[PDB]
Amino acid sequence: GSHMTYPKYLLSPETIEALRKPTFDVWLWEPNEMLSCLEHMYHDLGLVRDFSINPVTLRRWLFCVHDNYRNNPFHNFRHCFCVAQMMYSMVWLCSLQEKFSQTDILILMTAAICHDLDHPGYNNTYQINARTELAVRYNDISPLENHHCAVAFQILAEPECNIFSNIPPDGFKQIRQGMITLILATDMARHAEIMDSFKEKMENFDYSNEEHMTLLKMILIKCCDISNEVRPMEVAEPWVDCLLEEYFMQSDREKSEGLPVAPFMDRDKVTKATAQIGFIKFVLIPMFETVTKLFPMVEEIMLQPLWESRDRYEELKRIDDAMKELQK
């Protein structure tokens, strides 16, 4: 709705507004547009101002991060954009600037962007079972998450990419420790442990307690990481096919190499519907339910689409079941 046409990398006022909501269609944008979106988030959240981030360094850093994301069906730059856009949406929805310091917002945003850097498209179970260079390097302790972390700090060590160059050493150490904790917390093998620890703190939550806040930040990055089903159906649905494509690539390789195959990755056992019913019911809904205890606004905005999505996949399952009996 402007007097002239502006290039794609110059975000329209409408795009800037839409970016604050979890309804934002992540599929409409090319890498350069998503890069402009992330850059806007840093300026808009006051991170550029409060951490004296050089605006050109912010751009070079984001471009370098983008280049270090592999062209995987799911674990790609668009996924990191989803996680960072969901984190940004949660800052506004949950009024996180009232509860968190600017350093904490910086940690949450930087970890969301960096969390899946240089992902090979084969999970930790593959790395460990196949005894890969990564599993050997990390001694089977979250090999991928440790690698995403190392790559993040390797990018940040390059002077033209150092968005933390004007932050005192004590501030850097604080941000570094926080980012490591958050990226490592994304390992789904640790889900039950992190959920139990958070629920334990949820008995009498304290925003002044550093340990309570560390666990809340861990839950926040975890929420954003697996948040696809929270998005509108049309935006959410294509991500499942992307992930199954990655899961099938791994399970085929494991079968060929004689390694164990996870049933949720097996082409002969998995369907888009059955995989999502379980994940929404037993992972997504319980996690957002605990967040709702601190942030009641999460129920209407995030649990509601999850309830709808669960109900839609249950309808699709009945169709798949009717279809699969004719297959034999």
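The first residue of the sequence shown is number 1, and the count goes up from there.
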Would you tell me which stretch averages the higher CA B-factor in the PDB entry, 161 to 169 or 107 to 115?
161 to 169
Can you tell me whether 35 to 43 has a higher mean C-alpha B factor than 258 to 266 in this record, or the other way round?
258 to 266
Looking at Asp140, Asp225, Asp187, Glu200, which has the highest CA B-factor as recorded?
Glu200
How does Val151 rank on Cα B-factor within its chain, lowest, middle or highest third?
lowest
Test of reading the entry: by CA B factor among the chain's modelled residues, which third contains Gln276?
middle
What third of the chain does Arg253 rank in for C-alpha temperature factor, lowest, middle or highest?
highest
Please rank the C-alpha B-factors of the chain's modelled residues and tell me whether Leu62 sits in the lowest, middle or highest third.
lowest
Assert third(CA B-factor, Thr125) within chain per record equals middle
